[PDB]
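**Student:** Supplied structure: my_file.cif, mmCIF, N, CA and C atoms.
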```cif
data_run
loop_
_atom_site.label_atom_id
_atom_site.label_comp_id
_atom_site.auth_asym_id
_atom_site.auth_seq_id
_atom_site.Cartn_x
_atom_site.Cartn_y
_atom_site.Cartn_z
N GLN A 61 38.98 19.59 53.38
CA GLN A 61 39.03 20.87 54.08
C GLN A 61 37.79 21.69 53.79
N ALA A 62 37.25 21.57 52.59
CA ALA A 62 36.05 22.27 52.22
C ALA A 62 34.89 21.77 53.10
N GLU A 63 34.88 20.45 53.37
CA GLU A 63 33.87 19.86 54.24
C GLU A 63 34.02 20.52 55.61
N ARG A 64 35.26 20.60 56.12
CA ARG A 64 35.49 21.24 57.41
C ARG A 64 34.98 22.67 57.43
N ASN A 65 35.29 23.46 56.39
CA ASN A 65 34.86 24.85 56.36
C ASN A 65 33.34 24.95 56.42
N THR A 66 32.68 24.01 55.75
CA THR A 66 31.24 23.93 55.75
C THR A 66 30.77 23.73 57.20
N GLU A 67 31.42 22.82 57.93
CA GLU A 67 31.12 22.57 59.34
C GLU A 67 31.42 23.77 60.26
N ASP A 68 32.51 24.49 60.01
CA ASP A 68 32.81 25.66 60.83
C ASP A 68 31.72 26.69 60.59
N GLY A 69 31.27 26.76 59.34
CA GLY A 69 30.18 27.63 58.98
C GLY A 69 28.94 27.23 59.75
N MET A 70 28.68 25.93 59.86
CA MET A 70 27.51 25.47 60.61
C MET A 70 27.54 26.06 62.02
N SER A 71 28.71 26.05 62.67
CA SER A 71 28.79 26.53 64.06
C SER A 71 28.47 28.03 64.17
N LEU A 72 28.98 28.84 63.26
CA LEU A 72 28.67 30.27 63.29
C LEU A 72 27.16 30.47 63.28
N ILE A 73 26.52 29.76 62.35
CA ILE A 73 25.11 29.88 62.07
C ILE A 73 24.26 29.48 63.28
N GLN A 74 24.62 28.38 63.94
CA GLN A 74 23.99 27.92 65.17
C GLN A 74 24.28 28.87 66.34
N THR A 75 25.51 29.38 66.41
CA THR A 75 25.88 30.30 67.47
C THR A 75 25.00 31.54 67.36
N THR A 76 24.91 32.06 66.14
CA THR A 76 24.10 33.23 65.86
C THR A 76 22.66 32.94 66.27
N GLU A 77 22.15 31.78 65.87
CA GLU A 77 20.81 31.36 66.20
C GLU A 77 20.55 31.33 67.70
N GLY A 78 21.50 30.82 68.48
CA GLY A 78 21.34 30.78 69.93
C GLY A 78 21.14 32.17 70.51
N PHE A 79 21.85 33.15 69.95
CA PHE A 79 21.70 34.53 70.41
C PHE A 79 20.33 35.08 69.95
N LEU A 80 19.82 34.52 68.87
CA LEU A 80 18.53 34.96 68.38
C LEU A 80 17.40 34.27 69.16
N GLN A 81 17.63 33.05 69.69
CA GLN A 81 16.64 32.47 70.61
C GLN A 81 16.57 33.35 71.83
N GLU A 82 17.74 33.82 72.26
CA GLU A 82 17.83 34.75 73.37
C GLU A 82 17.03 36.00 73.01
N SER A 83 17.22 36.48 71.78
CA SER A 83 16.51 37.65 71.29
C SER A 83 14.99 37.46 71.29
N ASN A 84 14.51 36.27 70.92
CA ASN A 84 13.08 36.12 70.71
C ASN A 84 12.33 36.03 72.02
N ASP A 85 12.88 35.33 73.02
CA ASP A 85 12.08 35.09 74.22
C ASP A 85 11.83 36.44 74.88
N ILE A 86 12.81 37.34 74.75
CA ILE A 86 12.65 38.71 75.20
C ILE A 86 11.46 39.39 74.53
N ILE A 87 11.32 39.25 73.21
CA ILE A 87 10.16 39.83 72.53
C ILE A 87 8.88 39.21 73.04
N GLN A 88 8.88 37.89 73.24
CA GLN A 88 7.71 37.22 73.75
C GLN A 88 7.40 37.71 75.17
N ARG A 89 8.45 37.92 75.98
CA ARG A 89 8.24 38.44 77.32
C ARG A 89 7.74 39.88 77.25
N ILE A 90 8.32 40.70 76.36
CA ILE A 90 7.85 42.08 76.23
C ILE A 90 6.39 42.10 75.78
N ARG A 91 6.00 41.20 74.88
CA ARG A 91 4.60 41.08 74.48
C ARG A 91 3.72 40.73 75.67
N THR A 92 4.16 39.80 76.50
CA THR A 92 3.38 39.45 77.68
C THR A 92 3.15 40.73 78.51
N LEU A 93 4.24 41.49 78.70
CA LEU A 93 4.24 42.73 79.47
C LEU A 93 3.39 43.81 78.81
N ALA A 94 3.41 43.88 77.47
CA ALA A 94 2.60 44.84 76.73
C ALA A 94 1.11 44.56 76.94
N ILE A 95 0.74 43.29 76.99
CA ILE A 95 -0.66 42.93 77.19
C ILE A 95 -1.09 43.40 78.58
N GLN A 96 -0.25 43.18 79.58
CA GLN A 96 -0.59 43.68 80.91
C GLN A 96 -0.72 45.21 80.88
N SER A 97 0.19 45.86 80.15
CA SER A 97 0.26 47.31 80.07
C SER A 97 -0.96 47.92 79.38
N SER A 98 -1.53 47.16 78.45
CA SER A 98 -2.66 47.56 77.62
C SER A 98 -3.99 47.56 78.39
N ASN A 99 -3.94 47.11 79.63
CA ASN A 99 -5.09 47.10 80.52
C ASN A 99 -5.34 48.52 81.00
N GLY A 100 -6.46 49.13 80.62
CA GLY A 100 -6.65 50.55 80.89
C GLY A 100 -6.85 50.91 82.36
N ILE A 101 -6.96 49.91 83.24
CA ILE A 101 -7.08 50.24 84.65
C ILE A 101 -5.76 49.91 85.37
N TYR A 102 -4.77 49.46 84.60
CA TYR A 102 -3.45 49.13 85.13
C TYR A 102 -2.80 50.51 85.17
N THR A 103 -2.33 50.96 86.32
CA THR A 103 -2.01 52.38 86.39
C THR A 103 -0.70 52.81 85.76
N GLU A 104 -0.54 54.13 85.58
CA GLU A 104 0.69 54.67 85.02
C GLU A 104 1.88 54.37 85.93
N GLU A 105 1.67 54.41 87.25
CA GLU A 105 2.77 54.12 88.17
C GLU A 105 3.19 52.66 87.99
N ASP A 106 2.20 51.80 87.79
CA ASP A 106 2.49 50.38 87.68
C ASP A 106 3.10 50.10 86.31
N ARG A 107 2.68 50.88 85.33
CA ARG A 107 3.25 50.78 84.00
C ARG A 107 4.71 51.17 84.04
N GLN A 108 5.09 52.17 84.85
CA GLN A 108 6.51 52.50 84.97
C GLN A 108 7.27 51.30 85.54
N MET A 109 6.67 50.58 86.49
CA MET A 109 7.32 49.38 87.00
C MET A 109 7.53 48.38 85.85
N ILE A 110 6.52 48.24 84.98
CA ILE A 110 6.66 47.32 83.85
C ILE A 110 7.72 47.82 82.90
N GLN A 111 7.75 49.13 82.67
CA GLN A 111 8.68 49.71 81.74
C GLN A 111 10.10 49.49 82.20
N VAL A 112 10.34 49.38 83.50
CA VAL A 112 11.69 49.01 83.90
C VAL A 112 12.02 47.65 83.31
N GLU A 113 11.09 46.71 83.46
CA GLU A 113 11.35 45.37 82.96
C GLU A 113 11.52 45.39 81.44
N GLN B 61 -3.25 36.19 78.73
CA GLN B 61 -3.19 37.48 79.40
C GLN B 61 -4.41 38.31 79.09
N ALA B 62 -4.94 38.16 77.88
CA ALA B 62 -6.14 38.87 77.48
C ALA B 62 -7.31 38.41 78.37
N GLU B 63 -7.34 37.10 78.68
CA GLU B 63 -8.37 36.54 79.55
C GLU B 63 -8.21 37.23 80.91
N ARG B 64 -6.97 37.31 81.41
CA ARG B 64 -6.75 37.99 82.69
C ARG B 64 -7.23 39.43 82.67
N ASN B 65 -6.92 40.18 81.60
CA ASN B 65 -7.33 41.57 81.53
C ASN B 65 -8.84 41.69 81.60
N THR B 66 -9.52 40.74 80.96
CA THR B 66 -10.97 40.69 80.95
C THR B 66 -11.44 40.55 82.41
N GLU B 67 -10.80 39.64 83.16
CA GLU B 67 -11.11 39.43 84.58
C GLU B 67 -10.79 40.64 85.47
N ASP B 68 -9.69 41.35 85.19
CA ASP B 68 -9.37 42.53 85.99
C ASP B 68 -10.43 43.58 85.72
N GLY B 69 -10.89 43.62 84.47
CA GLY B 69 -11.96 44.51 84.09
C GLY B 69 -13.20 44.18 84.89
N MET B 70 -13.51 42.88 85.05
CA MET B 70 -14.67 42.49 85.85
C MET B 70 -14.59 43.13 87.23
N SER B 71 -13.39 43.12 87.84
CA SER B 71 -13.26 43.65 89.20
C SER B 71 -13.58 45.15 89.28
N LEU B 72 -13.08 45.94 88.34
CA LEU B 72 -13.40 47.37 88.34
C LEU B 72 -14.90 47.57 88.32
N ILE B 73 -15.54 46.85 87.40
CA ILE B 73 -16.95 46.96 87.12
C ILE B 73 -17.80 46.58 88.33
N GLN B 74 -17.44 45.48 88.99
CA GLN B 74 -18.10 45.02 90.21
C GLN B 74 -17.85 45.97 91.38
N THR B 75 -16.62 46.49 91.48
CA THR B 75 -16.29 47.42 92.55
C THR B 75 -17.16 48.65 92.40
N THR B 76 -17.22 49.17 91.17
CA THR B 76 -18.01 50.34 90.86
C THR B 76 -19.47 50.08 91.25
N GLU B 77 -19.98 48.91 90.85
CA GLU B 77 -21.33 48.52 91.16
C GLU B 77 -21.62 48.51 92.65
N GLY B 78 -20.69 48.00 93.46
CA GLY B 78 -20.89 47.98 94.91
C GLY B 78 -21.10 49.38 95.46
N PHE B 79 -20.37 50.35 94.91
CA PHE B 79 -20.53 51.74 95.35
C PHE B 79 -21.87 52.28 94.85
N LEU B 80 -22.36 51.72 93.75
CA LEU B 80 -23.62 52.16 93.21
C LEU B 80 -24.79 51.50 93.97
N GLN B 81 -24.58 50.30 94.54
CA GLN B 81 -25.61 49.74 95.42
C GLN B 81 -25.74 50.65 96.62
N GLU B 82 -24.59 51.13 97.09
CA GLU B 82 -24.54 52.09 98.18
C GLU B 82 -25.31 53.33 97.76
N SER B 83 -25.05 53.79 96.53
CA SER B 83 -25.72 54.96 95.98
C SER B 83 -27.23 54.79 95.93
N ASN B 84 -27.72 53.61 95.55
CA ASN B 84 -29.15 53.47 95.35
C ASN B 84 -29.90 53.38 96.67
N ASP B 85 -29.33 52.68 97.67
CA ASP B 85 -30.12 52.44 98.88
C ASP B 85 -30.39 53.79 99.53
N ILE B 86 -29.41 54.70 99.39
CA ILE B 86 -29.58 56.07 99.84
C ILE B 86 -30.79 56.74 99.19
N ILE B 87 -30.93 56.62 97.87
CA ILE B 87 -32.09 57.22 97.20
C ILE B 87 -33.38 56.61 97.71
N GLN B 88 -33.38 55.29 97.89
CA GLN B 88 -34.56 54.62 98.41
C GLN B 88 -34.87 55.11 99.82
N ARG B 89 -33.82 55.32 100.63
CA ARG B 89 -34.04 55.84 101.97
C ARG B 89 -34.53 57.29 101.90
N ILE B 90 -33.94 58.10 101.01
CA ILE B 90 -34.38 59.48 100.88
C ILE B 90 -35.84 59.53 100.43
N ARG B 91 -36.24 58.64 99.53
CA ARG B 91 -37.64 58.56 99.12
C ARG B 91 -38.54 58.21 100.29
N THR B 92 -38.12 57.27 101.13
CA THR B 92 -38.90 56.94 102.30
C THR B 92 -39.11 58.22 103.13
N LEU B 93 -38.01 58.95 103.34
CA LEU B 93 -37.99 60.18 104.12
C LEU B 93 -38.79 61.30 103.44
N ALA B 94 -38.73 61.37 102.11
CA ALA B 94 -39.49 62.36 101.34
C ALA B 94 -40.99 62.15 101.52
N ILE B 95 -41.42 60.89 101.58
CA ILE B 95 -42.83 60.59 101.75
C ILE B 95 -43.28 61.09 103.12
N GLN B 96 -42.47 60.85 104.14
CA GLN B 96 -42.83 61.37 105.46
C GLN B 96 -42.91 62.91 105.41
N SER B 97 -41.96 63.52 104.70
CA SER B 97 -41.84 64.97 104.60
C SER B 97 -43.02 65.60 103.88
N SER B 98 -43.60 64.86 102.94
CA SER B 98 -44.69 65.28 102.08
C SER B 98 -46.03 65.32 102.81
N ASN B 99 -46.04 64.87 104.06
CA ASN B 99 -47.21 64.89 104.92
C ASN B 99 -47.40 66.32 105.41
N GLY B 100 -48.48 66.98 105.02
CA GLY B 100 -48.61 68.41 105.30
C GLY B 100 -48.84 68.75 106.77
N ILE B 101 -49.03 67.74 107.63
CA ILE B 101 -49.16 68.04 109.05
C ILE B 101 -47.86 67.65 109.79
N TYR B 102 -46.87 67.18 109.03
CA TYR B 102 -45.58 66.80 109.58
C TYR B 102 -44.89 68.16 109.67
N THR B 103 -44.43 68.56 110.84
CA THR B 103 -44.07 69.97 110.96
C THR B 103 -42.76 70.39 110.35
N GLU B 104 -42.57 71.71 110.22
CA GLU B 104 -41.33 72.25 109.68
C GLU B 104 -40.14 71.89 110.57
N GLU B 105 -40.35 71.89 111.89
CA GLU B 105 -39.25 71.55 112.79
C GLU B 105 -38.86 70.09 112.57
N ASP B 106 -39.86 69.25 112.35
CA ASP B 106 -39.61 67.83 112.20
C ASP B 106 -38.99 67.58 110.83
N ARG B 107 -39.38 68.40 109.86
CA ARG B 107 -38.80 68.32 108.55
C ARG B 107 -37.33 68.69 108.62
N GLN B 108 -36.94 69.65 109.47
CA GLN B 108 -35.52 69.96 109.60
C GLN B 108 -34.78 68.74 110.14
N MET B 109 -35.39 68.00 111.06
CA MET B 109 -34.76 66.78 111.55
C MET B 109 -34.55 65.80 110.37
N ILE B 110 -35.56 65.68 109.51
CA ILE B 110 -35.43 64.79 108.36
C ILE B 110 -34.37 65.29 107.42
N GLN B 111 -34.34 66.60 107.20
CA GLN B 111 -33.39 67.19 106.29
C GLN B 111 -31.98 66.96 106.76
N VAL B 112 -31.75 66.85 108.07
CA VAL B 112 -30.42 66.45 108.48
C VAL B 112 -30.11 65.09 107.89
N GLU B 113 -31.06 64.16 108.01
CA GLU B 113 -30.82 62.82 107.52
C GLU B 113 -30.61 62.84 106.00
#
```
Would you mind writing the structure in this file as structure tokens?
**Tutor:**
Amino acid sequence: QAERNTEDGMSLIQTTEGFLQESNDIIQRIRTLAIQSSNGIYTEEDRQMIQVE
Amino acid sequence: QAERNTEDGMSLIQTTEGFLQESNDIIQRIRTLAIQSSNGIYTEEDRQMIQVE
């Protein structure tokens, strides 16, 4: 049963991780968007469009 | 994306330059006109015609 509990623990940890993969790609996407935003000729109106994203 | 921003920057700079080519040919034309104007027998009435230009 201890082996089983260890395995149930594995699932929590992987489940959590899947949500964190979800978490990370968003940061990577926001970084992509930040680089576009950091372009000083990219306008404020267009930046608001990015800020929605 | 940084490469792209560099390229978008190129466009601003080139666009600006095109307007400055426009700016310079005018000065060159005004100089041509100024030389005609600097002719002391070129009359005041004719100078007004040049001054329109």
**Student:** Produce the centre coordinates and the three edge lengths, each in Å to one decimal, of the box along x, y and z that contains all listed atoms of range 62-77 of chain B with 6 Å added on each side, as lines of an AutoDock Vina configuration file.
**Tutor:**
```
center_x = -13.3
center_y = 43.4
center_z = 85.1
size_x = 28.7
size_y = 25.8
size_z = 27.2
```
**Student:** Using only C-alpha atoms, determine which residues of chain B fall within 10 Å of chain A; present them as an mmCIF file with N, CA and C atoms, in the coordinates of the input.
**Tutor:**
```
data_model
loop_
_atom_site.group_PDB
_atom_site.id
_atom_site.type_symbol
_atom_site.label_atom_id
_atom_site.label_comp_id
_atom_site.auth_asym_id
_atom_site.auth_seq_id
_atom_site.Cartn_x
_atom_site.Cartn_y
_atom_site.Cartn_z
ATOM 1 N N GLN B 61 -3.250 36.190 78.730
ATOM 2 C CA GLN B 61 -3.190 37.480 79.400
ATOM 3 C C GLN B 61 -4.410 38.310 79.090
ATOM 4 N N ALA B 62 -4.940 38.160 77.880
ATOM 5 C CA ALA B 62 -6.140 38.870 77.480
ATOM 6 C C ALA B 62 -7.310 38.410 78.370
ATOM 7 N N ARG B 64 -6.970 37.310 81.410
ATOM 8 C CA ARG B 64 -6.750 37.990 82.690
ATOM 9 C C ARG B 64 -7.230 39.430 82.670
ATOM 10 N N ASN B 65 -6.920 40.180 81.600
ATOM 11 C CA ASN B 65 -7.330 41.570 81.530
ATOM 12 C C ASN B 65 -8.840 41.690 81.600
ATOM 13 N N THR B 66 -9.520 40.740 80.960
ATOM 14 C CA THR B 66 -10.970 40.690 80.950
ATOM 15 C C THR B 66 -11.440 40.550 82.410
ATOM 16 N N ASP B 68 -9.690 41.350 85.190
ATOM 17 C CA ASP B 68 -9.370 42.530 85.990
ATOM 18 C C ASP B 68 -10.430 43.580 85.720
ATOM 19 N N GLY B 69 -10.890 43.620 84.470
ATOM 20 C CA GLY B 69 -11.960 44.510 84.090
ATOM 21 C C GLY B 69 -13.200 44.180 84.890
ATOM 22 N N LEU B 72 -13.080 45.940 88.340
ATOM 23 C CA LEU B 72 -13.400 47.370 88.340
ATOM 24 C C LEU B 72 -14.900 47.570 88.320
#
```
**Student:** Please, what distance in Å, to one decimal, runs between CA of residue 113 in chain B and atom C of residue 78 in chain B?
**Tutor:**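 CA of residue 113 in chain B sits 20.5 Å away from atom C of residue 78 in chain B.
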**Student:** One decimal, Å: what's the distance from atom C of residue 105 in chain A over to atom C of residue 76 in chain B, could you say?
**Tutor:**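 The value is 23.0 Å.
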**Student:** Where does DSSP see helix (DSSP H, G or I) in chain B, if you list the residues as a ChimeraX atom specification?
**Tutor:** /B:62-97,104-112
**Student:** Between atom N of residue 86 in chain B and atom C of residue 74 in chain B, what is the distance in Å, rounded to a tenth?
**Tutor:** 16.6 Å
**Student:** Got a minute to add N, CA, C and O atoms to range 82-102 of chain B and dump it as a compact mmCIF listing (two decimals), in the coordinates of the input?
**Tutor:**
```
# COMPACT_ATOMS: atom_id res chain seq x y z
N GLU B 82 -24.59 51.13 97.09
CA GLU B 82 -24.54 52.09 98.18
C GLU B 82 -25.31 53.33 97.76
O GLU B 82 -26.18 53.83 98.48
N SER B 83 -25.05 53.79 96.53
CA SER B 83 -25.72 54.96 95.98
C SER B 83 -27.23 54.79 95.93
O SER B 83 -27.97 55.74 96.23
N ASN B 84 -27.72 53.61 95.55
CA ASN B 84 -29.15 53.47 95.35
C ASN B 84 -29.90 53.38 96.67
O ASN B 84 -30.98 53.95 96.81
N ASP B 85 -29.33 52.68 97.67
CA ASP B 85 -30.12 52.44 98.88
C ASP B 85 -30.39 53.79 99.53
O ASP B 85 -31.47 54.04 100.08
N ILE B 86 -29.41 54.70 99.39
CA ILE B 86 -29.58 56.07 99.84
C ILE B 86 -30.79 56.74 99.19
O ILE B 86 -31.62 57.32 99.90
N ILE B 87 -30.93 56.62 97.87
CA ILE B 87 -32.09 57.22 97.20
C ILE B 87 -33.38 56.61 97.71
O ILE B 87 -34.37 57.31 97.92
N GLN B 88 -33.38 55.29 97.89
CA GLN B 88 -34.56 54.62 98.41
C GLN B 88 -34.87 55.11 99.82
O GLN B 88 -36.04 55.35 100.16
N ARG B 89 -33.82 55.32 100.63
CA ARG B 89 -34.04 55.84 101.97
C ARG B 89 -34.53 57.29 101.90
O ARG B 89 -35.47 57.66 102.59
N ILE B 90 -33.94 58.10 101.01
CA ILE B 90 -34.38 59.48 100.88
C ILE B 90 -35.84 59.53 100.43
O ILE B 90 -36.61 60.38 100.90
N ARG B 91 -36.24 58.64 99.53
CA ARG B 91 -37.64 58.56 99.12
C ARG B 91 -38.54 58.21 100.29
O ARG B 91 -39.59 58.83 100.48
N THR B 92 -38.12 57.27 101.13
CA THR B 92 -38.90 56.94 102.30
C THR B 92 -39.11 58.22 103.13
O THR B 92 -40.24 58.55 103.55
N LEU B 93 -38.01 58.95 103.34
CA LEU B 93 -37.99 60.18 104.12
C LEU B 93 -38.79 61.30 103.44
O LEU B 93 -39.47 62.08 104.11
N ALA B 94 -38.73 61.37 102.11
CA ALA B 94 -39.49 62.36 101.34
C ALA B 94 -40.99 62.15 101.52
O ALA B 94 -41.75 63.12 101.65
N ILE B 95 -41.42 60.89 101.58
CA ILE B 95 -42.83 60.59 101.75
C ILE B 95 -43.28 61.09 103.12
O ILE B 95 -44.34 61.71 103.26
N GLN B 96 -42.47 60.85 104.14
CA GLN B 96 -42.83 61.37 105.46
C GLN B 96 -42.91 62.91 105.41
O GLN B 96 -43.83 63.54 105.94
N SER B 97 -41.96 63.52 104.70
CA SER B 97 -41.84 64.97 104.60
C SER B 97 -43.02 65.60 103.88
O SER B 97 -43.43 66.72 104.21
N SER B 98 -43.60 64.86 102.94
CA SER B 98 -44.69 65.28 102.08
C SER B 98 -46.03 65.32 102.81
O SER B 98 -47.05 65.73 102.25
N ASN B 99 -46.04 64.87 104.06
CA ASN B 99 -47.21 64.89 104.92
C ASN B 99 -47.40 66.32 105.41
O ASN B 99 -46.57 66.83 106.15
N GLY B 100 -48.48 66.98 105.02
CA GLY B 100 -48.61 68.41 105.30
C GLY B 100 -48.84 68.75 106.77
O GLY B 100 -48.86 69.93 107.13
N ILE B 101 -49.03 67.74 107.63
CA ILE B 101 -49.16 68.04 109.05
C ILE B 101 -47.86 67.65 109.79
O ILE B 101 -47.77 67.74 111.01
N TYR B 102 -46.87 67.18 109.03
CA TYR B 102 -45.58 66.80 109.58
C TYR B 102 -44.89 68.16 109.67
O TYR B 102 -44.84 68.88 108.68
```
